[PDB]
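So the protein lines, in turn, are chains H and P.
Numbers 24 to 246, taken from the UniProt record's numbering, label the letters of the first sequence in order.
Numbers 24 to 246, taken from the UniProt record's numbering, label the letters of the second sequence in order.
Beta carbons are placed, not taken as given, at the ideal position from N, Cα and C, and that holds for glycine.
In what follows, a single structure is set out as structure tokens and then discussed.
2 protein chains.
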Amino acid sequence: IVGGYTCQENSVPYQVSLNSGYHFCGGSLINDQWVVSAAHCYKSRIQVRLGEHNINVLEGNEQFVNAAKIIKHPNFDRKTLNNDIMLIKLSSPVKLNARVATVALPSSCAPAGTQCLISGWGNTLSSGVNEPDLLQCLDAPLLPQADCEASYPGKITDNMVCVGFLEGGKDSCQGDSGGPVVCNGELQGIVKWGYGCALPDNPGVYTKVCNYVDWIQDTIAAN
Amino acid sequence: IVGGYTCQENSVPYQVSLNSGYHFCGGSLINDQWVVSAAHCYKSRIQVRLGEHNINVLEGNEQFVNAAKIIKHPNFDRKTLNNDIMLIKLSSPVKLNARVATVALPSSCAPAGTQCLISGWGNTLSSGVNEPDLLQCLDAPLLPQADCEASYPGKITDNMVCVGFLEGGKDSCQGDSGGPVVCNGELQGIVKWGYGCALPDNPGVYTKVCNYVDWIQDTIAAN
Ligand SMILES: [Ca+2]
Ligand SMILES: [Ca+2]
Numbered sequence: 024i025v026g027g028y029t030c031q032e033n034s035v036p037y038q039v040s041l042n043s044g045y046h047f048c049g050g051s052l053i054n055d056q057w058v059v060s061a062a063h064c065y066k067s068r069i070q071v072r073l074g075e076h077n078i079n080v081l082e083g084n085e086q087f088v089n090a091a092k093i094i095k096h097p098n099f100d101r102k103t104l105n106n107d108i109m110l111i112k113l114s115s116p117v118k119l120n121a122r123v124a125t126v127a128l129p130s131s132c133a134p135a136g137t138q139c140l141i142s143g144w145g146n147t148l149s150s151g152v153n154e155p156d157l158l159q160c161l162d163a164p165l166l167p168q169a170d171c172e173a174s175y176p177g178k179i180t181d182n183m184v185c186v187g188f189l190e191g192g193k194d195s196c197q198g199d200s201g202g203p204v205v206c207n208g209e210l211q212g213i214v215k216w217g218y219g220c221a222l223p224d225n226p227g228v229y230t231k232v233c234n235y236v237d238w239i240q241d242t243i244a245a246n
Numbered sequence: 024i025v026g027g028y029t030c031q032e033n034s035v036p037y038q039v040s041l042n043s044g045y046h047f048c049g050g051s052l053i054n055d056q057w058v059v060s061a062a063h064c065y066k067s068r069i070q071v072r073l074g075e076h077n078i079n080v081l082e083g084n085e086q087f088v089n090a091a092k093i094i095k096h097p098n099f100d101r102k103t104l105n106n107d108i109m110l111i112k113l114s115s116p117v118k119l120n121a122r123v124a125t126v127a128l129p130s131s132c133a134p135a136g137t138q139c140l141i142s143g144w145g146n147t148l149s150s151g152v153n154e155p156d157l158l159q160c161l162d163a164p165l166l167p168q169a170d171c172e173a174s175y176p177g178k179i180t181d182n183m184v185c186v187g188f189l190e191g192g193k194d195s196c197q198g199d200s201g202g203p204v205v206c207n208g209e210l211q212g213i214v215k216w217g218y219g220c221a222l223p224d225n226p227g228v229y230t231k232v233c234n235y236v237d238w239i240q241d242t243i244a245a246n
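Laid out in structure tokens, this is it:
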């Protein structure tokens, strides 16, 4: 997260860190046994870490759980990043509590202008790389599709939404990928991509979760 | 490397990739059994990979060798990055050939204005992250100390040199770290740090190797 602020400890309880011996992507806990992330975050073996604040220090709220089933969207297009959504079934249910909680799926697609919260342990610089210890937070609005398309001529599908600021300075970045965009308590986006990070005229692009509730439900039910 | 070009295959034969299950730093082969890198690249277990071109494809020239002894400069200052130099003794001697060769230590410190070659599999973007497959190369001059100091008020010690362009656009970046700066066939610098990558007025800073030949020799001899 570039230009965000340090979240209050355990204030984003649905936030998870995907680990492979190092943090490489975020995700969201949607039920005691399933995590939603980005298909581009796929790895054959993943340890999901919940209840994290300081990614490098054991603080006593952590739950570490291996992924049992990693299911990328059948239509994920690695090239265009269309359908960049993945489901992780954990090897065992987590203990839900105050620091480890679920986020709701969207009842409807959010209108442009709604204020959302984005979080992650992603890169904090607009240039170069800086990995933070503490979870970062960013308040940012969902932009009109026209602004999104305009910024990325020919690349935005209807499964994508832009969130951020046309002025730059504030945005998600590498390492925030697969992480959540929560608006009015519902998961509306997944950190996907953007050109650079926090650059003027290059808002972040996110997977539009409201287009996948059916799929998410079907999959959970079938697995 | 930001704004560089793809090196001709095996044209930088002293270049090595430091691996921990992924490429994280470069280094230089100074003898059939020793590699020079940056102290900030220290890890307790490292696999040194020589003869690489495409970091993700076995091309048939690779030599993979575990580090036996990793020796950080006794005066490395993690805070200022002063004395950012490390020596890696390989578990066994490599087979020197046309794609796996040594680079000479400096006979003297290079004057500002000399043209050097920097190489690596480091990040290729000025904003965001992009890890390349093929080794990247950059031709760039050593800048006058006055320019260096000016760009980084109070941080440059006499063990540091700036290499690059005050205009930006071209530079080393994260992942090129510990890698070589070769001028007229001698190792004159080690990729150390900079503010961002390829930004105007923020040239890359490198460890000045000509200040350590004694140390390098002593250490090799004593180990
Ligand atoms: Ca922790
Ligand atoms: Ca290779």
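Continuous beta strand (DSSP E) stretch holding residue i: start and end
i: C48 (chain P); result: 46 to 54
i: residue 16 (chain H); result: This structure cannot settle anything about residue 16 (chain H), because the visible part of chain H is limited to 24 through 246.
i: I94 (chain H); result: 86 to 95
i: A163 (chain P); result: 159 to 164
i: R72 (chain P); result: 70 to 73
i: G143 (chain H); result: 138 to 143
i: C185 (chain H); result: 183 to 186
i: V80 (chain H); result: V80 (chain H) -> no beta strand (DSSP E), and no H or E assigned at all.
i: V152 (chain P); result: Neither: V152 (chain P) is in no beta strand (DSSP E) and is coded neither H nor E.
Cross-chain neighbours of residue i in chain P, by beta carbon under 8 Å
i: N42 (chain H); result: Correct list: empty, because the minimum Cβ distance to chain P is about 13 Å.
Residue i, DSSP secondary structure in three states
i: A127 (chain P); result: strand
i: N234 (chain H); result: helix
i: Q38 (chain P); result: strand
i: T29 (chain P); result: strand
i: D199 (chain P); result: coil
i: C132 (chain P); result: coil
i: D241 (chain H); result: helix
i: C220 (chain H); result: coil
Limits of the unbroken alpha helix (DSSP H) element including residue i
i: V117 (chain P); result: It is not in any alpha helix (DSSP H) - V117 (chain P) carries neither H nor E in the DSSP assignment.
i: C171 (chain H); result: 168 to 174
Neighbour list for residue i in chain H, Cβ cutoff strictly below 9 Å
i: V152 (chain P); result: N146, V152, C196, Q197, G198, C220
Option nearest residue i by Cα separation, candidates the options
i: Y218 (chain P); options: P:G202, P:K178, P:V232; result: P:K178
i: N89 (chain H); options: H:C220, H:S40, H:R101, H:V126; result: H:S40
i: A163 (chain H); options: H:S200, H:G136, H:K102; result: H:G136
i: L140 (chain H); options: H:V184, H:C206, H:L104; result: H:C206
i: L73 (chain P); options: P:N120, P:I108, P:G227; result: P:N120
i: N182 (chain H); options: H:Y229, H:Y175, H:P223, H:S43; result: H:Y229
i: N33 (chain P); options: P:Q56, P:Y235, P:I53, P:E82; result: P:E82
i: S200 (chain H); options: H:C30, H:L165, H:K66, H:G49; result: H:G49
i: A169 (chain H); options: H:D224, H:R68, H:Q38; result: H:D224
i: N106 (chain P); options: P:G198, P:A62, P:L165; result: P:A62
i: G202 (chain P); options: P:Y175, P:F188, P:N246, P:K231; result: P:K231
i: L165 (chain H); options: H:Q138, H:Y45, H:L148; result: H:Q138
i: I93 (chain H); options: H:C30, H:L104, H:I78, H:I111; result: H:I111
i: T103 (chain P); options: P:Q211, P:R122, P:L157, P:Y175; result: P:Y175
i: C132 (chain H); options: H:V184, H:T180, H:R68; result: H:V184
i: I53 (chain H); options: H:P36, H:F47, H:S67, H:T29; result: H:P36
i: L189 (chain P); options: P:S130, P:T242, P:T180, P:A173; result: P:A173
i: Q31 (chain P); options: P:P134, P:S130, P:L157; result: P:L157
Neighbour list for residue i in chain P, Cβ cutoff strictly below 7 Å
i: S149 (chain H); result: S150
heavy atom of ligand 3 below 8 Å from residue i C-beta
i: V80 (chain P); result: Looking for ligand 3 in the displayed structure turns up nothing; the ligands present are ligand 1 and ligand 2.
Alpha-carbon to alpha-carbon, residue j and residue i
i: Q159 (chain H); j: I213 (chain H); result: 16 Å
i: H76 (chain H); j: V59 (chain H); result: 19 Å
i: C220 (chain P); j: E154 (chain P); result: 14 Å
i: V186 (chain P); j: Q70 (chain P); result: 28 Å
i: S142 (chain H); j: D237 (chain P); result: 49 Å
i: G208 (chain H); j: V126 (chain H); result: 7 Å
i: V117 (chain H); j: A124 (chain H); result: 9 Å
i: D194 (chain H); j: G27 (chain H); result: 8 Å
i: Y235 (chain P); j: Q38 (chain P); result: 19 Å
i: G145 (chain H); j: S114 (chain P); result: 36 Å
i: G191 (chain P); j: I108 (chain P); result: 26 Å
i: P226 (chain H); j: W216 (chain H); result: 9 Å
i: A91 (chain H); j: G198 (chain P); result: 32 Å
i: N42 (chain P); j: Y65 (chain P); result: 11 Å
i: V80 (chain H); j: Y45 (chain H); result: 13 Å
i: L128 (chain H); j: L210 (chain H); result: 5 Å
i: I24 (chain P); j: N246 (chain H); result: 44 Å
i: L222 (chain P); j: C171 (chain P); result: 14 Å
i: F99 (chain H); j: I239 (chain H); result: 14 Å
i: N84 (chain H); j: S51 (chain P); result: 43 Å
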